[PDB]
Amino acid sequence: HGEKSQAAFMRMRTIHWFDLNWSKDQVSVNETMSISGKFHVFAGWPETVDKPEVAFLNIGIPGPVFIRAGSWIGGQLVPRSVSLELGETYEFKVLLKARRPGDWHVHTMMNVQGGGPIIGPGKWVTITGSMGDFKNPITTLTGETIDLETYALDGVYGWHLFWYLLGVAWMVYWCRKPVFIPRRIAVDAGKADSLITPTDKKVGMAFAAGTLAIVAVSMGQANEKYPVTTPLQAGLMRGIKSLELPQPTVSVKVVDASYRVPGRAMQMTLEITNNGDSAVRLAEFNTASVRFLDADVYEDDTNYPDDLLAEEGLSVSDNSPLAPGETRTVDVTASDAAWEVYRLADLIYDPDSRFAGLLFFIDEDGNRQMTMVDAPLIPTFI
Amino acid sequence: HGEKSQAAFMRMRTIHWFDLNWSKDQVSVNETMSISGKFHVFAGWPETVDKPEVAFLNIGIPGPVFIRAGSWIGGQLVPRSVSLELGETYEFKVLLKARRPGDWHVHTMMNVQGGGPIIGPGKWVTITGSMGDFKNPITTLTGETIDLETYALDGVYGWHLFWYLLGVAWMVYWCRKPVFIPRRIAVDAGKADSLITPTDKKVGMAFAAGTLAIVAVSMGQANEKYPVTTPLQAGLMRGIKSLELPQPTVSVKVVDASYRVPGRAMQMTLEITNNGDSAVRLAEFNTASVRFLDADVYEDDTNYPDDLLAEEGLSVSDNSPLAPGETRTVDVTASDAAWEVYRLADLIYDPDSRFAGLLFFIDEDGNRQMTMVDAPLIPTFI
Amino acid sequence: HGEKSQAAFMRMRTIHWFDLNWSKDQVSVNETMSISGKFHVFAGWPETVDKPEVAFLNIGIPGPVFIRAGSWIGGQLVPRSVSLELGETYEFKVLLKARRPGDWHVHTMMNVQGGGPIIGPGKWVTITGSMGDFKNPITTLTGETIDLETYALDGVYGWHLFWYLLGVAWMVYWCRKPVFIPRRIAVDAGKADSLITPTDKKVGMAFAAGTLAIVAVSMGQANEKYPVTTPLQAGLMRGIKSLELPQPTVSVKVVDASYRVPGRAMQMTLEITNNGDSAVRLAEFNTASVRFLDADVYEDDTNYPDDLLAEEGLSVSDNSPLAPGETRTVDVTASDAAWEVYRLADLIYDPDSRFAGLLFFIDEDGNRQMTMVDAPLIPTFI
Amino acid sequence: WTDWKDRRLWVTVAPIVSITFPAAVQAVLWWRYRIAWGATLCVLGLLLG
Amino acid sequence: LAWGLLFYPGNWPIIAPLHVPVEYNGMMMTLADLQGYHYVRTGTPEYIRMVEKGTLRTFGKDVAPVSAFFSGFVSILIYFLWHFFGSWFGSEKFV
Ligand SMILES: OC[C@H]1O[C@H](O[C@H]2[C@H](O)[C@@H](O)[C@H](OCCCCCC3CCCCC3)O[C@@H]2CO)[C@H](O)[C@@H](O)[C@@H]1O
Ligand SMILES: OC[C@H]1O[C@H](O[C@H]2[C@H](O)[C@@H](O)[C@H](OCCCCCC3CCCCC3)O[C@@H]2CO)[C@H](O)[C@@H](O)[C@@H]1O
Ligand SMILES: OC[C@H]1O[C@H](O[C@H]2[C@H](O)[C@@H](O)[C@H](OCCCCCC3CCCCC3)O[C@@H]2CO)[C@H](O)[C@@H](O)[C@@H]1O
Ligand SMILES: [Cu+2]
Ligand SMILES: [Cu+2]
Ligand SMILES: [Cu+2]
């Protein structure tokens with residue numbers, strides 16, 4: 001949750017999430033699942049959102065109800081932050097493994113340093129079992145096969161309880177005696193050395209020398225039980241490969257776009273030109289993760305979250321086929337309740353009324369080739 | 001005016017303005033005119049001039065003697081600031097509509113954030129009529145057809161005169177009575193409460209409650225006479241298309257360049273190589289908006305400002321034709337008074353004696369294809 | 001010297017120096033030498049090293065034991081700082097002319113603003129003679145033919161000795177008389193004007209008016225002996241050409257890489273695919289300027305510094321030829337003492353255990369075409 | 001977080017910021033009352049919190 | 001100096017377990033790194049983290065002792081400052 005509150009134009013003009021696939025939507029504690037797809041980094045990225053030179057592929061969940069066993073961009077593991085570049089289209093996979101039973105609205109997302117959270121679409125996923133089942137095995141480079149959900153936990157609780165009690169000691173060595181009013185009188189009255197006795201004086205040297213001793217030895221005893229340790233691994237991963245993609249089979253031009261305020265729908269006027277070898281029809285308009293579909297061309301095979309699915313949402317004026325060559329100006333209308341649920345209609349409040357989104361065409365074979373649109377978005381008022 | 005004062009190398013090594021066209025040079029109040037052309041963003045852009053990630057296409061005029069009815073880069077309206085990129089060549093149009101009669105030296109220009117004003121060439125344009133003729137109609141999205149040169153002006157003068165007089169009131173409610181010496185005495189003498197009486201005390205509550213009342217109502221009465229308002233529209237427009245241009249038909253190499261100090265002329269030694277299908281001749285050298293022309297190849301069809309026009313300015317040593325293939329080292333000399341008028345000769349004072357500019361070749365058909373030169377510029381002294 | 005102390009991954013993941021050539025390695029005072037080669041700007045440049053938008057091609061020597069008569073990138077003289085760009089491969093030459101006899105470990109290097117010194121490989125070069133032989137002639141644009149190792153040195157020593165002695169004067173005009181205790185008494189006692197007499201008073205006006213006079217005249221006398229002077233020439237040179245290179249004849253993939261800690265060797269598993277017209281064999285692996293060579297394919301013709309030369313260093317599991325088409329997964333092992341001398345093995349301490357380097361293939365003709373590798377580098381422990 | 005406990009910054013920041021309040025509480029408790037659990041009252045209070 | 005030099009020793013026996021390396025999906029990570037990668041911090045993504053990353057002007061380990069000493073020196077300055085601040089704080093003056 002949380003993205004209906006973000007400016008509408010941000011979510012339209014930032015990162016476009018498409019072709020998402022969720023490999024399950026119910027899972028048992030330790031059973032892994034897979035979210036994979038593509039995303040586009042819209043070349044007209046907002047001013048007040050730093051270009052994504054330093055971005056991180058997160059997932060949105062309330063605490064680690066899953067763990068992120070893996071995440072890839074371009075078939076590279078991306079545990080660190082990456083450089084993405086405006087214009088490019090990337091593919092991604094995240095490997096989630098379940099941990100805490102419940103009903104979780106899992107978002108795939110992209111943190112952009114100097115930008116904010118760029119939040120992709122979420123689908124409810126349900127975990128069943130008892131979280132006490134959760135196990136996170138790792139084979140170290142010294143192997144040794146540990147469970148990272150509990151490893152070294154007896155050492156932390158040990159050493160912290162020791163030093164705390166060592167502290168409580170020092171404080172009770174003294175609060176045995178009277179602390180405040182009598183010591184006060186004693187000091188004021190010129191008699192402050194009377195209050196640190198020589199037993200006092202190096203009971204003190206015990207604790208001191210003890211703490212240093214207990215440090216130096218258990219120090220040395222740690223570089224024995226673990227003789228190979230490496231520093232934390234850190235730093236930006238720049239060379240992230242993308243798709244650079246078949247440059248569009250279809251060439252779309254938004255001659256004008258608009259929306260009715262109030263209203264649940266957006267209307268474009270496209271001039272469309274097929275440069276492939278087969279004929280195409282307009283299957284989908286996809287803005288802000290809402291998928292407007294023409295039911296007479298496309299059915300969703302991906303279990304897209306239904307609150308973003310408009311299964312009969314896209315209404316193309318003259319949606320006949322379109323053979324190679326041949327241009328046609330068309331009238332599109334993207335209507336659905338998602339346009340108000342997800343407050344895309346709140347664009348009326350944004351300081352930049354411009355939109356961007358994806359257009360999907362299918363040929364009679366079945367190959368979807370995808371084209372990208374962006375233009376102003378002028379409101380109409382009764 | 002104003003660009004003869006800028007460093008010469010800046011103006012040579014920054015933005016190159018070429019193929020400008022002025023659709024008039026006399027105009028009547030309300031008659032529009034059009035300045036259009038191309039500009040090049042020199043890839044060797046100076047250090048101390050921020051790369052033009054955030055630039056704005058202005059016009060240079062003393063006050064809105066015109067209004068800027070439109071401006072385009074790449075067939076996109078650019079009311080906001082744009083991203084330009086080093087290396088690229090752009091085309092532009094600005095639609096000026098006249099407002100104030102006079103003799104105006106109109107400059108097309110490019111403000112570069114973190115850089116300065118980059119000033120293109122100006123041509124005198126003369127407006128005739130009475131400025132009182134000027135009318136600036138706009139059809140709003142609620143339409144309503146307003147004149148933006150006076151719209152809402154009675155509301156500003158109204159509300160400002162009200163609140164000012166409301167203020168003068170408060171001050172004369174009191175300066176009726178004696179203000180300083182008697183109130184002073186009164187306060188010093190222990191008697192300060194004697195000076196705020198109970199009439200005083202909430203004459204005060206009148207003005208207070210009144211001002212809040214007059215605010216809340218006229219507030220509510222404004223969201224009625226105008227029930228649809230949108231916030232100011234703002235933010236950088238990154239995806240600005242350019243030409244990416246036929247990569248030069250002719251391949252020029254500056255083997256050496258120089259200038260005589262003092263002197264009115266610049267001398268290059270070019271080795272030139274035609275890779276087209278027809279033959280070419282050197283028509284033009286264009287640096288800092290000065291157009292050096294060889295009169296036996298080119299005549300200016302654009303009414304270039306004559307103080308930057310050198311109609312017989314370019315003197316090519318052996319300017320015979322040049323058929324496909326075939327290389328020839330040539331001796332060029334660009335001489336004219338513009339070189340001292342416009343203080344390009346002041347390069348002797350600049351901390352970077354390097355130049356850049358355009359070269360124009362025409363084939364016998366008539367097609368000008370343009371090539372770009374830049375190299376050091378070594379001075380010669382008697 | 002000095003680069004064994006830098007993080008190993010930095011030196012692997014930063015700039016790759018290859019195909020270096022040293023035109024001598026003994027030279028006499030005034031005899032010039034030439035270091036030339038290529039370098040690659042690794043596209044996975046470390047986070048904490050500013051991208052090289054502002055870099056400078058230096059040489060590493062203890063003081064000007066040579067002078068740098070020239071340096072070029074892409075056949076452009078680069079006396080100022082340049083812009084390099086991640087991904088690109090550049091060629092370079094530096095023209096060193098010897099000055100001070102001794103045994104000098106000459107490093108070619110690249111200072112990266114916001115980055116650090118990026119240090120290339122050094123070879124001992126020996127200068128013989130007497131440094132008093134050194135002569136640095138220059139023909140000025142007024143010419144005049146000067147020696148820049150001594151020019152204007154009598155003017156500096158002159159004018160500095162004058163003004164210093166002019167100062168010592170002023171101080172001895174007064175320290176003639178008693179300075180402290182008597183002047184103190186004099187001032188305290190109300191008698192401070194007694195200590196500046198009227199001779200005093202404008203002996204003072206002499207020195208004042210003299211210093212101003214000696215300034216204004218010798219000022220005017222300098223703009224005569226040198227009537228043409230220009231300001232220092234300064235500013236970044238952006239448009240630096242690179243090779244953009246035949247895109248690799250061979251397509252290498254590092255399926256896994258590793259190193260034995262402790263140990264003197266690095267091991268990769270490459271899958272290799274020849275897309276040329278002839279057959280190739282793996283000649284060289286080059287990381288951090290260490291050149292691992294397979295002696296049965298390549299002999300070094302360049303006098304590479306022997307502490308970085310592994311002449312039989314690269315041990316390819318199945319290093320048979322490889323005709324066009326055909327893929328083969330191979331087992332490489334780069335072993336040599338350089339891996340511990342030059343503390344590439346200290347990567348165990350770095351916070352990013354990833355490597356990058358060059359791979360060289362030769363066809364039976366003899367043409368080396370070069371391919372670039374980079375992947376993690378996982379340690380193995382006994 | 002354990003993956004922030006590094007060798008450069010954590011080693012620098014945590015002592016510097018944490019020695020403050022001890023030095024404040026010592027200043028009063030020690031010299032006004034020869035109380036000698038000044039730093040430890042603080043570090044006890046932190047860790048408990 | 002005591003306060004700074006002791007800070008990493010007093011903590012190394014606890015964290016050291018988590019500094020054994022791991023060949024996870026092709027990349028070396030410490031177990032600490034694995035914990036960060038695994039237990040999803042939705043509102044604390046990776047680049048926010050300010051840990052050592054290397055320099056071209058730097059030598060690797062030793063990095064911890066050199067930092068510990070620097071922390072020791074700054075810690076004495078912080079201590080002078082914060083003693084006087086404490087004296088100020090322990091003041092029975094009335095206004
Ligand atoms: O049992 C005989 C002793 O008891 C009395 O003193 C007690 C006091 O009455 C008794 O209340 C006191 O308790 C000390 C601990 C109380 C606070 C404990 C801590 C709370 C947490 C952190 C620090 C302080 O310890 C003293 C000695 O142990 C008598 O007054 C003593 O003279 C006598 O030596
Ligand atoms: O007409 C009879 C009154 O006139 C005299 O007082 C005058 C004063 O003589 C008269 O000069 C005074 O003028 C007040 C306004 C003068 C300043 C006006 C403002 C200038 C601009 C912003 C604030 C002040 O107002 C008083 C009452 O209106 C008498 O002295 C009063 O006792 C009497 O009530
Ligand atoms: O020769 C006769 C004079 O000598 C004595 O004074 C000397 C002093 O004994 C003599 O020691 C003094 O020396 C002055 C220079 C000493 C410091 C020189 C400078 C060191 C470097 C920078 C400034 C000071 O100069 C005075 C006059 O020249 C007598 O006391 C004078 O009364 C008498 O006029
Ligand atoms: Cu959600
Ligand atoms: Cu002008
Ligand atoms: Cu060296």
# chains A, B, ... in the order shown; residues from 1 in each chain; ligands from 1
>>> residues_near_ligand(ligand="ligand 6", cutoff="7 Å", atoms="only C-alpha atoms and all ligand atoms", output="PyMOL selection string")
chain C and resi 1-2+105-107+122
>>> select_by_dssp(residues="chain E", states="strand (DSSP E)", output="PyMOL selection string")
chain E and resi 21-24+27-30
>>> write_last_selection(atoms="N, CA, C and O atoms", output="mmCIF file, in the first residue's frame")
data_model
loop_
_atom_site.group_PDB
_atom_site.id
_atom_site.type_symbol
_atom_site.label_atom_id
_atom_site.label_comp_id
_atom_site.auth_asym_id
_atom_site.auth_seq_id
_atom_site.Cartn_x
_atom_site.Cartn_y
_atom_site.Cartn_z
ATOM 1 N N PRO E 21 32.699 -14.763 5.115
ATOM 2 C CA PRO E 21 32.141 -14.501 3.791
ATOM 3 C C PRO E 21 31.332 -15.677 3.266
ATOM 4 O O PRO E 21 31.359 -16.784 3.792
ATOM 5 N N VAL E 22 30.614 -15.402 2.184
ATOM 6 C CA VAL E 22 29.634 -16.312 1.617
ATOM 7 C C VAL E 22 29.629 -16.103 0.119
ATOM 8 O O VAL E 22 29.630 -14.964 -0.347
ATOM 9 N N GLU E 23 29.634 -17.188 -0.648
ATOM 10 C CA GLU E 23 29.448 -17.048 -2.091
ATOM 11 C C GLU E 23 27.958 -17.180 -2.346
ATOM 12 O O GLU E 23 27.438 -18.265 -2.589
ATOM 13 N N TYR E 24 27.260 -16.058 -2.257
ATOM 14 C CA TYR E 24 25.834 -15.999 -2.539
ATOM 15 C C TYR E 24 25.605 -15.537 -3.968
ATOM 16 O O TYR E 24 26.321 -14.668 -4.474
ATOM 17 N N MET E 27 28.164 -13.661 -5.903
ATOM 18 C CA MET E 27 28.836 -12.520 -5.315
ATOM 19 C C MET E 27 29.232 -12.817 -3.881
ATOM 20 O O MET E 27 28.446 -13.388 -3.117
ATOM 21 N N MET E 28 30.430 -12.391 -3.517
ATOM 22 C CA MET E 28 30.877 -12.433 -2.142
ATOM 23 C C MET E 28 30.076 -11.450 -1.283
ATOM 24 O O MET E 28 30.011 -10.257 -1.587
ATOM 25 N N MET E 29 29.468 -11.945 -0.218
ATOM 26 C CA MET E 29 28.818 -11.123 0.779
ATOM 27 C C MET E 29 29.186 -11.641 2.159
ATOM 28 O O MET E 29 29.410 -12.834 2.360
ATOM 29 N N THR E 30 29.292 -10.729 3.115
ATOM 30 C CA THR E 30 29.379 -11.223 4.472
ATOM 31 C C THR E 30 27.993 -11.608 4.961
ATOM 32 O O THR E 30 26.966 -11.285 4.357
#
>>> residues_around(residues="residue 79 (chain C)", least_positions_apart="5", cutoff="10 Å", atoms="only C-alpha atoms", output="tab-separated table (two decimals) with C-alpha atoms, in the first residue's frame")
chain	number	residue	atom	x	y	z
C	56	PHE	CA	44.75	15.12	-16.17
C	57	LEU	CA	47.47	13.03	-17.84
C	58	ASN	CA	50.46	13.36	-15.55
C	68	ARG	CA	57.14	16.71	-20.19
C	70	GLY	CA	54.47	16.76	-24.83
C	71	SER	CA	51.48	14.61	-24.08
C	72	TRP	CA	48.60	13.60	-26.40
C	233	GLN	CA	45.59	29.89	-20.78
C	234	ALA	CA	43.22	27.72	-18.78
C	235	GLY	CA	40.12	25.56	-18.99
C	236	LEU	CA	38.87	22.02	-19.40
C	237	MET	CA	39.13	20.38	-22.83
>>> select_by_dssp(residues="chain D", states="helix (DSSP H, G or I)", output="ChimeraX atom specification")
/D:9-18,20-33,38-48
>>> atom_distance(atom1="CA of residue 269 (chain B)", atom2="CA of residue 44 (chain B)")
20.7 Å
>>> atom_distance(atom1="CA of residue 333 (chain C)", atom2="CA of residue 266 (chain C)")
5.8 Å
>>> closest_atom_pairs(of="chain E", to="chain A", cutoff="7 Å", atoms="only C-alpha atoms", output="CSV")
residue,atom,partner,partner_atom,distance
E:9,CA,A:219,CA,6.3
E:10,CA,A:215,CA,6.0
E:12,CA,A:219,CA,6.8
E:13,CA,A:222,CA,5.6
E:14,CA,A:156,CA,5.6
E:17,CA,A:152,CA,6.2
E:19,CA,A:229,CA,4.8
E:20,CA,A:229,CA,4.4
E:21,CA,A:141,CA,5.6
E:22,CA,A:140,CA,4.5
E:23,CA,A:141,CA,6.1
E:25,CA,A:77,CA,6.9
E:29,CA,A:233,CA,6.0
E:30,CA,A:232,CA,5.9
E:33,CA,A:232,CA,6.3
E:37,CA,A:79,CA,6.0
E:38,CA,A:68,CA,4.7
E:39,CA,A:64,CA,4.8
E:40,CA,A:64,CA,4.9
E:41,CA,A:63,CA,6.6
E:42,CA,A:60,CA,5.3
E:45,CA,A:56,CA,6.4
E:46,CA,A:81,CA,6.1
E:47,CA,A:81,CA,5.9
E:53,CA,A:234,CA,5.7
>>> interface_residues(of="chain D", to="chain E", cutoff="6 Å", atoms="only C-alpha atoms", output="ChimeraX atom specification")
/D:2-4,6-8,11-12,15-16,20,23-24,27-28
>>> write_last_selection(atoms="C-alpha atoms", output="compact mmCIF listing (two decimals), in the first residue's frame")
# COMPACT_ATOMS: atom_id res chain seq x y z
CA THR D 2 24.57 -5.22 11.47
CA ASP D 3 25.29 -4.33 7.86
CA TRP D 4 25.95 -0.71 8.91
CA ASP D 6 31.55 -1.14 9.41
CA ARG D 7 35.18 -0.16 10.10
CA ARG D 8 35.34 3.48 8.90
CA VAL D 11 34.08 3.14 14.43
CA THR D 12 34.26 6.95 14.14
CA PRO D 15 32.31 6.87 20.24
CA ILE D 16 32.25 10.60 19.44
CA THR D 20 28.90 13.33 25.35
CA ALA D 23 31.18 13.70 30.26
CA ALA D 24 28.17 15.84 31.14
CA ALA D 27 31.00 16.72 35.47
CA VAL D 28 28.24 17.17 38.06
>>> residues_near_ligand(ligand="ligand 1", cutoff="7 Å", atoms="only C-alpha atoms and all ligand atoms", output="VMD selection string")
chain A and resid 168 171 to 172 175 to 177
>>> interface_residues(of="chain B", to="chain C", cutoff="12 Å", atoms="only C-alpha atoms", output="number ranges by chain")
B: 9-10, 13, 42-49, 51, 86-87, 258, 260-262, 346-354, 374-376, 378-382
>>> residues_around(residues="residue 301 (chain A)", least_positions_apart="3", cutoff="10 Å", atoms="only C-alpha atoms", output="list in words")
residues 21, 298 and 304 of chain A
>>> interface_residues(of="chain A", to="chain D", cutoff="8 Å", atoms="only C-alpha atoms", output="list in words")
residues 164, 167, 168, 170, 171, 179, 180, 183, 184, 186, 187, 188, 192, 195, 196, 231 and 232 of chain A
>>> residues_around(residues="residue 93 (chain B)", least_positions_apart="3", cutoff="9 Å", atoms="only C-alpha atoms", output="PDB file with N, CA, C and O atoms, in the first residue's frame")
ATOM      1  N   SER B  34       7.829  36.128 -36.990  1.00  0.00           N
ATOM      2  CA  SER B  34       8.383  34.810 -36.714  1.00  0.00           C
ATOM      3  C   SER B  34       9.897  34.814 -36.893  1.00  0.00           C
ATOM      4  O   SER B  34      10.398  35.111 -37.982  1.00  0.00           O
ATOM      5  N   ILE B  35      10.623  34.469 -35.832  1.00  0.00           N
ATOM      6  CA  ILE B  35      12.051  34.186 -35.919  1.00  0.00           C
ATOM      7  C   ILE B  35      12.206  32.693 -35.774  1.00  0.00           C
ATOM      8  O   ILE B  35      11.715  32.112 -34.800  1.00  0.00           O
ATOM      9  N   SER B  36      12.862  32.067 -36.746  1.00  0.00           N
ATOM     10  CA  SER B  36      13.088  30.628 -36.725  1.00  0.00           C
ATOM     11  C   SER B  36      14.474  30.350 -37.272  1.00  0.00           C
ATOM     12  O   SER B  36      15.052  31.170 -37.987  1.00  0.00           O
ATOM     13  N   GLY B  37      15.004  29.187 -36.915  1.00  0.00           N
ATOM     14  CA  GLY B  37      16.343  28.831 -37.347  1.00  0.00           C
ATOM     15  C   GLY B  37      16.808  27.544 -36.696  1.00  0.00           C
ATOM     16  O   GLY B  37      16.003  26.707 -36.279  1.00  0.00           O
ATOM     17  N   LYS B  38      18.123  27.395 -36.642  1.00  0.00           N
ATOM     18  CA  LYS B  38      18.742  26.248 -36.005  1.00  0.00           C
ATOM     19  C   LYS B  38      19.797  26.758 -35.042  1.00  0.00           C
ATOM     20  O   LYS B  38      20.261  27.894 -35.152  1.00  0.00           O
ATOM     21  N   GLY B  70       4.599  32.388 -28.909  1.00  0.00           N
ATOM     22  CA  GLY B  70       5.024  31.002 -28.925  1.00  0.00           C
ATOM     23  C   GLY B  70       6.523  30.877 -29.060  1.00  0.00           C
ATOM     24  O   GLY B  70       7.218  31.816 -29.469  1.00  0.00           O
ATOM     25  N   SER B  71       7.013  29.697 -28.694  1.00  0.00           N
ATOM     26  CA  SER B  71       8.388  29.316 -28.973  1.00  0.00           C
ATOM     27  C   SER B  71       8.459  27.796 -28.984  1.00  0.00           C
ATOM     28  O   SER B  71       7.881  27.144 -28.098  1.00  0.00           O
ATOM     29  N   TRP B  72       9.159  27.236 -29.988  1.00  0.00           N
ATOM     30  CA  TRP B  72       9.289  25.785 -30.146  1.00  0.00           C
ATOM     31  C   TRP B  72      10.745  25.389 -30.345  1.00  0.00           C
ATOM     32  O   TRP B  72      11.504  26.092 -31.025  1.00  0.00           O
ATOM     33  N   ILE B  73      11.125  24.261 -29.742  1.00  0.00           N
ATOM     34  CA  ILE B  73      12.317  23.512 -30.127  1.00  0.00           C
ATOM     35  C   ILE B  73      11.859  22.128 -30.562  1.00  0.00           C
ATOM     36  O   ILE B  73      11.213  21.407 -29.786  1.00  0.00           O
ATOM     37  N   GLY B  74      12.200  21.744 -31.788  1.00  0.00           N
ATOM     38  CA  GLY B  74      11.837  20.414 -32.242  1.00  0.00           C
ATOM     39  C   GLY B  74      10.346  20.201 -32.347  1.00  0.00           C
ATOM     40  O   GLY B  74       9.871  19.078 -32.147  1.00  0.00           O
ATOM     41  N   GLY B  75       9.591  21.254 -32.657  1.00  0.00           N
ATOM     42  CA  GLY B  75       8.136  21.142 -32.724  1.00  0.00           C
ATOM     43  C   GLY B  75       7.480  20.735 -31.423  1.00  0.00           C
ATOM     44  O   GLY B  75       6.573  19.894 -31.420  1.00  0.00           O
TER      45      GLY B  75
END
>>> residues_around(residues="residue 319 (chain B)", least_positions_apart="2", cutoff="10 Å", atoms="only C-alpha atoms", output="VMD selection string")
chain B and resid 280 to 283 294 296 to 297 315 to 317 321 to 322 330 to 332
>>> write_last_selection(atoms="N, CA, C and O atoms", output="compact mmCIF listing (two decimals), in the first residue's frame")
# COMPACT_ATOMS: atom_id res chain seq x y z
N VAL B 280 31.27 20.33 -54.68
CA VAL B 280 30.95 21.39 -53.73
C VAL B 280 31.96 22.52 -53.83
O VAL B 280 33.08 22.36 -54.33
N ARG B 281 31.55 23.69 -53.34
CA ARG B 281 32.43 24.85 -53.17
C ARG B 281 32.15 25.49 -51.81
O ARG B 281 31.04 25.39 -51.28
N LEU B 282 33.18 26.13 -51.24
CA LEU B 282 33.05 26.69 -49.89
C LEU B 282 32.30 28.02 -49.97
O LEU B 282 32.81 29.01 -50.49
N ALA B 283 31.08 28.03 -49.43
CA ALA B 283 30.22 29.20 -49.48
C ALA B 283 30.42 30.15 -48.30
O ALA B 283 30.40 31.37 -48.49
N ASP B 294 31.77 34.00 -49.42
CA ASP B 294 32.44 34.15 -50.71
C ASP B 294 31.39 34.54 -51.75
O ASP B 294 30.53 33.72 -52.12
N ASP B 296 31.33 34.86 -54.87
CA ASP B 296 31.26 34.06 -56.09
C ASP B 296 30.68 32.67 -55.86
O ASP B 296 30.76 31.84 -56.77
N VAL B 297 30.08 32.40 -54.68
CA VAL B 297 29.40 31.13 -54.43
C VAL B 297 28.05 31.34 -53.77
O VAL B 297 27.11 30.58 -54.03
N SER B 315 37.50 34.59 -48.38
CA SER B 315 38.43 34.63 -49.51
C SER B 315 39.23 33.32 -49.54
O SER B 315 40.30 33.21 -48.93
N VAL B 316 38.71 32.34 -50.27
CA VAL B 316 39.30 31.00 -50.34
C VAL B 316 40.38 30.98 -51.41
O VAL B 316 40.10 31.29 -52.58
N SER B 317 41.60 30.59 -51.02
CA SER B 317 42.77 30.65 -51.90
C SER B 317 42.51 30.05 -53.28
O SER B 317 42.72 30.71 -54.30
N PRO B 321 35.71 23.89 -57.80
CA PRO B 321 34.84 22.79 -57.37
C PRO B 321 35.63 21.59 -56.86
O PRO B 321 36.85 21.50 -56.98
N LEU B 322 34.89 20.63 -56.28
CA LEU B 322 35.51 19.50 -55.58
C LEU B 322 34.58 18.29 -55.71
O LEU B 322 33.66 18.12 -54.89
N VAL B 330 43.66 23.92 -48.51
CA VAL B 330 43.22 25.22 -48.98
C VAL B 330 43.68 26.28 -47.98
O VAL B 330 44.11 25.97 -46.87
N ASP B 331 43.62 27.54 -48.41
CA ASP B 331 43.97 28.68 -47.56
C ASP B 331 42.78 29.61 -47.51
O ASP B 331 42.40 30.21 -48.52
N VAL B 332 42.20 29.74 -46.34
CA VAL B 332 41.00 30.54 -46.15
C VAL B 332 41.41 31.83 -45.47
O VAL B 332 42.42 31.88 -44.76
